[PDB]
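Colleague: quick one, what's the 3D model for this:
(2 chains)
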Amino acid sequence: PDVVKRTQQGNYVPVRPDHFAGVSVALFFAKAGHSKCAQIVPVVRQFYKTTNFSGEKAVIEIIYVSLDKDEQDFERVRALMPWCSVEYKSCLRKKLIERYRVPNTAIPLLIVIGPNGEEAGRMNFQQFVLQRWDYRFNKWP
Amino acid sequence: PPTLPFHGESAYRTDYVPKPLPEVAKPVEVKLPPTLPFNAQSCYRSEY
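Modeller: Numbers count the residues shown, from 1 in each chain, chains lettered A, B, ... in the order given. The relevant structure is shown in the block below.
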């Protein structure tokens, strides 16, 4: 509905639902201040830029579900992320992080999802794994 | 002294979470050509 903003700098308009019309979808749970999150954010930006728009169709798209401890944390990372993101004034924040169970260690964690609210793969960034997306099954048909 | 929450899950629980059902609707048909009409002829009924 009135959730998940796209990219749109300046006014931050949300997304009517059929933007996700044949793209591989994942949930990138992250939180700034976590040091392991800090070097996975630019490299997932790199994956978001070569296997996405260098050639044909936008084939990947990710959602930043924030685990930030304060609101001033949220706009600094969301202004840094050119991919879609959910807001702090939303009931969608907590229901995703407890369906997929990131404890509040886990950060960062990518989970590709399907057109069911259902996982399709666990990524385990936290310790070079990015080129195992399999964006052909991950489609949201 | 403080106590920590329980941060650790079973290996069966973390991996074996259910998985999206594949796309199992791709039916196809055939291209059986029609039969050309009968124009063969018998020699008796063509000559006599």
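Colleague: ok, the closest residue to chain A within chain B - contacts?
Modeller: Closest residue of chain B to chain A, C-beta to the nearest C-beta: residue B:20 (3.6 Å). Yep, even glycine has a C-beta here, placed from its N, CA and C like the rest. Counting by C-beta atoms under 8 Å, 6 or more residues apart in numbering or on different chains, residue B:20 touches A:114, A:115, A:116, A:118, A:120.
Colleague: what's the closest of the residues you listed to residue A:43?
Modeller: Closest to residue A:43 out of the contacts of residue B:20 is residue A:120 (21.2 Å), distances taken as C-beta to C-beta.
Colleague: hey, C-alpha coordinates of the helix or strand the closest one falls within in PDB?
Modeller: For residue A:120, the host element (DSSP states H and E) is strand A:119-122. Provided in PDB are the C-alpha atoms of strand A:119-122 (Å, rounded to 0.1, in the frame of the first residue of the first chain):
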ATOM      1  CA  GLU A 119      12.200 -17.400   1.600                       C
ATOM      2  CA  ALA A 120      14.100 -18.800  -1.400                       C
ATOM      3  CA  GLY A 121      17.600 -18.700  -0.100                       C
ATOM      4  CA  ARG A 122      19.900 -17.800   2.800                       C
END
